[PDB]
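Heads up: the protein sequence lines correspond to chains X and U, in order. Under this note's numbering, residues 1 to 237 are what the first sequence spells out, in order. Under this note's numbering, residues 238 to 474 are what the second sequence spells out, in order. For reference, the structure is listed below as structure tokens.
2 protein chains.
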Amino acid sequence: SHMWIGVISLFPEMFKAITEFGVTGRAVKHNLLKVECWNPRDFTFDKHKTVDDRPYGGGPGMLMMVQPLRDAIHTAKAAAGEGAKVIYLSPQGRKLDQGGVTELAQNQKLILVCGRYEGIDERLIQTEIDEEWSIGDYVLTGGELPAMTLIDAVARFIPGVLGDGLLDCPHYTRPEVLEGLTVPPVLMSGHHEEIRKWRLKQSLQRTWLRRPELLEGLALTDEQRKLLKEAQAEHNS
Amino acid sequence: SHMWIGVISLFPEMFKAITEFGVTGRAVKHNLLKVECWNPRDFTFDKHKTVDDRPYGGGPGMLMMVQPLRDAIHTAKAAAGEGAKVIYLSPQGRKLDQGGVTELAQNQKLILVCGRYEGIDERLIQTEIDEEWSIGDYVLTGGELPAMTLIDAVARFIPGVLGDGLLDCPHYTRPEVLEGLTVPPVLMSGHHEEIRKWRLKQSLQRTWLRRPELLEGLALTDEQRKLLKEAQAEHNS
Ligand SMILES: NC(=O)c1cnc(NC2CCCC2)nc1N
Ligand SMILES: NC(=O)c1cnc(NC2CCCC2)nc1N
């Protein structure tokens, strides 16, 4: 079950960063993920291929020009056929987290609209956009990095692309001693069950110390409650 | 006051997405922003230029190999000279928001370490990394998009690169009527003070409706309290 993602962007070449490299580049080459871009600049008709326009009411910056952007979106929708969810990325959208990613990854087709300048006309959001998503509470120069971020996150859910609420456990590889710091002996033990439990305990400890609010949203298993209690007692010596 | 950002990455060509395009591409061309990449692959010595390694304790995936990555980091640090803050990007880090961006943007030099595979050896975090940052609570195939995201966000603070706690107001441009939806008349009025207040009221309304938790962190001005009260009364008819 592959995924098709239409992208509307003034800078489609930025998307080479995900389509030509690494796990996502492989997903594209192997036709697990298809990324197709439309550039509003190609839908302009004036001699200087104008893609921005002045905001009503005045203001510092420009907005994306409506007609080229609208026509690009319509073209992507026509290419997508039925059932594509159209998403605009901005700080005003639903904040993305891994539950949100798993929801988005249920769609076979997405169209991602990337804002530039100061953004896009509100009526295009009303008339063309199904959902608005943010990758986090910060401001960027464009929606392309947010679109790529979203693409990379959902691509991990496509079968073939790759080989629980808590932060990751610490990881160790060679050498056994690095600037005087040794690998925890349990990881050398070959005791699979002890190693599982140690990793889970470490994730519980690190989530508690760094992101305690994330624990509040979980229904811990008996085992997790036990390991967390242990980590907390060790922390309190 | 420009910014230098060292990047450690197995896929330095991904960074063309920010160094060759748009506002950030211009910042680079004009020497406001300098982005310099070191690839651990160039610091390998074996015939197959191996950059991953098996985790102690077992597990599904691989980690980044310590020696090539450590040597790349040391080389970037030597290039940076004194006062560079070294950052590793991962979901285990401090979650980035715009206050975090403004803090990071105070550094003249940053080195950004991009994780691949299942991550990096914990002792490298202990010995080489000053700070750990996340761009949000979701999992990606690599730290490069997070590094670019961070770079784009802080670049906005560099003088020359560009031309308050609340979500943005709606924006409008031509045409005056779009699929039957008209521009709010206040924006056509030319009344600058009325336009300012309308925009601020809209931001307060949209923050309240979509992200009410963001309001809790603000000390609203008398004017903002008034406009928010108005928006809330209109909402309740
Ligand atoms: N946190 C985010 O998701 C995000 C941040 N900044 C922007 N900037 C664009 C949108 C308007 C003009 C440029 N887009 C995003 N999707
Ligand atoms: N939310 C984030 O910031 C983020 C997410 N995923 C990753 N994946 C890398 C890190 C370990 C191997 C791949 N890095 C990040 N910085």
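Using N, Cα and C, we set each Cβ at its ideal position, and we do this for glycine too.
Length of the line joining the Cα atoms of residue i and residue j
| i | j | result |
| --- | --- | --- |
| residue 422 (chain U) | residue 431 (chain U) | 11 Å |
| residue 192 (chain X) | residue 89 (chain X) | 43 Å |
| residue 207 (chain X) | residue 227 (chain X) | 12 Å |
| residue 42 (chain X) | residue 9 (chain X) | 11 Å |
| residue 19 (chain X) | residue 183 (chain X) | 37 Å |
| residue 239 (chain X) | residue 251 (chain U) | With chain X running from 1 to 237 in the structure shown, residue 239 (chain X) is simply not present. |
| residue 458 (chain U) | residue 379 (chain U) | 42 Å |
| residue 336 (chain U) | residue 450 (chain U) | 16 Å |
| residue 129 (chain X) | residue 235 (chain X) | 49 Å |
| residue 239 (chain U) | residue 93 (chain X) | 31 Å |
| residue 349 (chain U) | residue 131 (chain X) | 32 Å |
| residue 424 (chain U) | residue 434 (chain U) | 11 Å |
| residue 416 (chain U) | residue 71 (chain X) | 13 Å |
| residue 281 (chain U) | residue 270 (chain U) | 29 Å |
| residue 290 (chain U) | residue 210 (chain X) | 27 Å |
| residue 384 (chain U) | residue 248 (chain U) | 12 Å |
| residue 169 (chain X) | residue 202 (chain X) | 5 Å |
Local conformation of residue i per DSSP, three classes
| i | result |
| --- | --- |
| residue 25 (chain X) | helix |
| residue 331 (chain U) | strand |
| residue 80 (chain X) | helix |
| residue 269 (chain U) | coil |
| residue 376 (chain U) | coil |
| residue 42 (chain X) | helix |
| residue 17 (chain X) | helix |
| residue 357 (chain U) | coil |
| residue 189 (chain U) | The question about residue 189 (chain U) has no answer here: the residues shown for chain U are numbered 238 through 474. |
| residue 226 (chain X) | helix |
| residue 48 (chain X) | coil |
| residue 239 (chain U) | coil |
| residue 337 (chain U) | helix |
DSSP beta-bridge partners of residue i
| i | result |
| --- | --- |
| residue 274 (chain U) | U:244 |
| residue 87 (chain X) | X:112, X:131 |
| residue 63 (chain X) | X:53 |
Beta carbon proximity, residue i to chain C, threshold 9 Å
| i | result |
| --- | --- |
| residue 66 (chain X) | As a matter of chain content, chain C is missing from the structure shown, whose protein chains are X and U. |
Could you pull out every unbroken alpha helix (DSSP H) segment of at least 4 residues lying fully inside the stretch 156-220 of chain X, listed in chain order?
-> Along the stretch 156-220 of chain X, the alpha helix (DSSP H) occurs as fully enclosed runs of 4 or more residues at 192-210, 212-215, listed in sequence order.
Segment contact flag, the stretch 371-390 of chain U with the stretch 115-125 of chain X, C-beta cutoff 8 Å, min 3 pairs | No, the stretch 371-390 of chain U does not touch the stretch 115-125 of chain X.
So, do the stretch 55-70 of chain X and the stretch 406-426 of chain U have three or more beta carbon pairs nearer to each other than 8 Å?
-> Flag = yes, the stretch 55-70 of chain X and the stretch 406-426 of chain U touch.
Evaluate the contact criterion for the stretch 96-106 of chain X versus the stretch 152-167 of chain X: three or more CB pairs, one atom per stretch, below 8 Å.
-> The count of Cβ pairs closer than 8 Å, one atom from the stretch 96-106 of chain X and one from the stretch 152-167 of chain X, reaches three, so the stretches are in contact.
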